[PDB]
Structures are given as C-alpha cells and as structure tokens.
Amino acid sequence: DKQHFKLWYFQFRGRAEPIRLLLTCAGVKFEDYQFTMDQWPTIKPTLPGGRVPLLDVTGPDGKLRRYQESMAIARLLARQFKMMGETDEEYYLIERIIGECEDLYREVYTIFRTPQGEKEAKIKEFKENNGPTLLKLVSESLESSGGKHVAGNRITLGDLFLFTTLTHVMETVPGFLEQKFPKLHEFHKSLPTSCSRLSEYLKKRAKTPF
C-alpha cells in the first residue's frame, strides 16, 4: 500500500537508460520491464502513443499516472530527486550538456542503424566532422564546471545523460573518445566512483547492442 515505479522498454539501453540510471542513483527501487521484439506487437496497441519508454507511477495516493517521452520523464524525476540543479545556473549547465548530448546521441544512433556495408563511411564522417565539433563542446562544457560533474559537486541528470551518451560513443566509434577526448573518457571511467549504486548496477546489467 505505497508507491511503485514500472518502466516499460525494449531490451536495450537506448532512450530508457537515463531513466534507469536516475532511479538507481536516487536509491529508488523500480520494476524494469524489458520486453522482447516478439512481444512488442501485442504490447504496442495498449500503450498511449504506441511508443516506449513509458513510466507508470503509482502514487502515494494509490493512483496510476503513465508518463511518456524519455527525457521529459527523466527531468520530472530529476526535479523530484533534487538532481536537476540547485540554482538557475546549475539548471542551465545541465540543460547545456543535455542539448549537446542529444545531438551526439542522434549521430551515434544513426550509425548503429546503418547496415554493416555503409557503416564505416558514416563512422569516418563522424570522426572527421560532427564528432569532434560536438565532443569539443561537451569537453568544454564539462571543463568549465571542473571536470568531475556537469553542475554542482554532486550527481545530476546532466552527469547521467552525459555518461549514457559517452557509452554510446565508446561502443559505436571504438578508441576515438579514448584517443581524441581523454578528459571525457576519464569522466566516463570515474563517474561510478560518485554513485556506487551505479557501479553495482553497471556490473550486473545485461549486455545489449545499444
């Protein structure tokens, strides 16, 4: 007779992962429902908008509210968990990194979705053009705030979304972050020292292609 969180998604990190990391770092238990591709066609017609992620929150009042749009869900939760910045400047810094990372996310997702044949050319394009432009911005943004956290001295949704996005860069363009953007690589290495609940979750997490 209390609260409950149920997250709906595919068996992927993709758009769901920032929400899972947020709930994990906030110390909030939740039902992480990850369904198969085969199960989806019969789940789809039952969900609002026919897309995932969806977060079902059963309130203190026992009532159900179903939330759509991954980073809308994430920002609402982050506000509730005091992980969306404590000043307007911190809020700005968080929004700055998220905007930059949304661009990076799209670049790398496009690569993931490219067939094996045409992938390498999209990768070379990324490494020479939009990749360093975006990654420079992200590096400069993180450097401005001290290199360890996007905003304040504690974990925020900005840190977590930066982390998930860098994971995608590291997997999609192997070695690149490590050679060209070592401070971002270091952020990715060190962030779980600032959320050990994260460290545990990451180690036990199922492996997924994206």
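Residue numbers here begin at 1 and follow the sequence given.
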| query | finding |
| --- | --- |
| Comparing 7-15 with 192-200, the one whose average Cα B-factor in the PDB entry is higher | 192-200 |
| Mean C-alpha B-factor comparison - 158-166 and 43-51, higher one | 43-51 |
| Per the PDB entry, maximal CA B factor within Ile94, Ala121, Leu76, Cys101 | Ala121 |
| Chain thirds of CA B-factor: placement of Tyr67 | lowest |
| For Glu143, the third of its chain into which the C-alpha B factor falls | highest |
| CA B-factor placement of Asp38, once the chain's modelled residues are sorted into thirds | highest |
| CA B-factor ranking of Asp56, expressed as a third of its chain | lowest |
